């Protein structure tokens, strides 16, 4: 066998795809945005269905989220509450954060809380000289980066199958990639088609695995 992991971002609210993923037929890691009406509960349902859970942390691109204008103190406080809000969370993922992720001061604060929680961090590859690898290597926080790309702002069932197979290429090649998809508007589409590709993955000896298992 050869391993790969899928993270599904953007849980927390009642958007398309969440019930489907939360039954736990597919081996995905659930990334919950905190402070939403159902953040805590979806986290609790994911755990009972046997799915790993991480915090999907809202950072600003180029809403008690992480903005450029926050003190280090305010950042750590916000991230501590997000972990409290998401039970079972073993790690953290960056919701967007194009700009915050080039900010050493604030990214440092974030990774310091992550370490306090003995958690890891996944760089959901929002951009292009991310500071996470460097920072997570110094502070001794396990980290890994997205490979793709499951999903997008305007994605279709076919398009998702096409990216599952790309994911498959990288996996047969043995580099243990991480795929990232989304619940939300396009979100039944990404469940359908991830689900439709499980048999093929099994057949080509690829196993889906909680992202944690593919650290350090």
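Positions refer to the first chain, counted from 1.
A.B. asks: Could you tell me how many residues of the deposited sequence sit unmodelled between residue 169 and residue 170 (none, 1 to 3, 4 to 9, 10 or more)?
C.D. replies: The entry has no gap there; residue 169 and residue 170 are joined directly.
A.B. asks: Select between 151 to 159 and 35 to 43 the stretch whose C-alpha atoms have the higher average B-factor in the entry.
C.D. replies: Comparing averages over the C-alpha atoms only gives 151 to 159.
A.B. asks: Lowest, middle or highest third of the chain for the C-alpha temperature factor of residue 193?
C.D. replies: Middle third of the chain for residue 193's C-alpha B-factor.
A.B. asks: Relative to the other modelled residues of the same chain, rank the CA B-factor of residue 180 and answer lowest, middle or highest third.
C.D. replies: Middle third by C-alpha B-factor.
A.B. asks: By the recorded C-alpha temperature factor, relative to the other modelled residues in its chain, which third is residue 95 in?
C.D. replies: For residue 95, whose C-alpha B-factor we compare with every modelled residue in the chain, the answer is the highest third.
A.B. asks: Would you mind ranking residue 85 by its C-alpha B-factor against the rest of the chain and naming the third, lowest, middle or highest?
C.D. replies: Its C-alpha B-factor, which the entry lists for residue 85, ranks in the lowest third among residues of this chain.
A.B. asks: Split into thirds by Cα B-factor across the chain's modelled residues, where does residue 77 land: lowest, middle or highest?
C.D. replies: Middle third - that is where residue 77 ends up once the chain's C-alpha B-factors are sorted.
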